[PDB]
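Heads up, the chain below is alone and in the form deposited in one PDB entry; it's given as structure tokens.
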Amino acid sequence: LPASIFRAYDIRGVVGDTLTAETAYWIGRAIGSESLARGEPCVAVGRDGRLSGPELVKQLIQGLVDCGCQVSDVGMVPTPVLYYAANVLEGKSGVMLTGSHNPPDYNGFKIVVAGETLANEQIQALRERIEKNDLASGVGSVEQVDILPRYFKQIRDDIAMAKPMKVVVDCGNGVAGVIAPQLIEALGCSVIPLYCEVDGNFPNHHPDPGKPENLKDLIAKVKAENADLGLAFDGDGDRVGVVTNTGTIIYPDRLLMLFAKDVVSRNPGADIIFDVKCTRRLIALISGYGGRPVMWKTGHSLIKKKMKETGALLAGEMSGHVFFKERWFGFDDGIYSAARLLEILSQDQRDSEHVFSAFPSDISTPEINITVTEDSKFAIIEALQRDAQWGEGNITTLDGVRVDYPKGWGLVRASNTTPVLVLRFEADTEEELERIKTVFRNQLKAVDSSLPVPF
């Protein structure tokens, strides 16, 4: 049975509750059926370092084999490593059992089928195969594969560190510690490990570098050891956080600026994708270097579809997923992105603080949240889209309502997993900021005079 675990970009839930082995079995069955339906019997399977996993894989794999698929099992590995398998093995399908950065009892499935990362209706399709028992049946197969070494090798062969660097690597007790300290070490660095022991209990901070609180120990170690950079991976390793030698947290939009400058120098006119939460500075910077800027929707999986659709050589989103296609395969991977970042910084005699500090900075507000209600969440964005008036602002309604003015912008959208409206604003001078926070405040009040707007 049921459902709130068939989300938009994956399947997630509590390991001994909404998601039990049983549920995992009928999901592997769905996945196996669809892959077959796309002409793909070969599927890979990889898992993260969760407690609930060791078994689960099992119910998942039993589900694939009871379809007739040839399962290539890669055991415990980083998410991008699973994605790597689905790109290099024979089958272009792959399934990673994972709960990302969620708490220890959460787990789930990120699914790739015949090359495509399933989303939205593609995932529901899966569920609705169980609700009618429309799955396939067959005499599957299971083979053990060890891909990590070839993954490890591929990057090492690709990267060229120029000077040496001392780096603090924090894994959060998630699955990155199986190759991240090592590879970065192998890459040509000295590594101060922080929580790089796979432990699904998460004795320390959870592996979510998206929240600053989880970079406090990281930020202190960098300073205390006079390291050149600090890195933090999420639980399953498709996300990376960055801090400079002085402890400044680099946000992904700023990270992309460094990456776009690099990618575009070797690929004139390259398409570069970022989301509606990324600084407009990114737009001008990409253009200035000769590239084609492409603002798209938020959602690792959506960014990914857009990339194949546009031929983009690089993508990123504010949640930290960085997607390299130049020299790579086009999927998100915090490990490879780290590598790529070390590559660039190693070739600059300045320290990491100045490299990033040199980029233009506007006046930005932090992310603002407004608890509304589940019932009203989407309808508020719709009312704005229908009736808000924004002057000569350029309106992007790809994902909520983003309005770009010449000297600043603002965003309002609905969270897909909380009854909350999420906002952001940025502008060069403070007088233009408040004039933008004012146009939004007013349009919101025009929707509902009783809505609480804290700005």
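Each form is matched to the other, and the largest set of C-alpha atoms that superpose within 1.5 Å is called the rigid core. Note that residue numbering follows the sequence shown and begins at 1.
Keep in mind that the form deposited in another entry is missing from the display, and what follows is about it.
- Checking 329, 152, 378, 289 for C-alpha shifts of 2 Å or more between this form and the one not shown, after the rigid core is superposed, gives a single hit: 378.
- Relative to the superposed core, residue 39 undergoes a Cα shift smaller than 2 Å between this form and the one not shown.
- When two forms of a protein are overlaid on their rigid core, residues whose CA moves 2 Å or more are considered shifted, and residue 368 is one of them between this form and the one not shown.
- Residue 418 shows a C-alpha shift of 2 Å or greater between this form and the one not shown [criterion: core-superposed Cα displacement of 2 Å].
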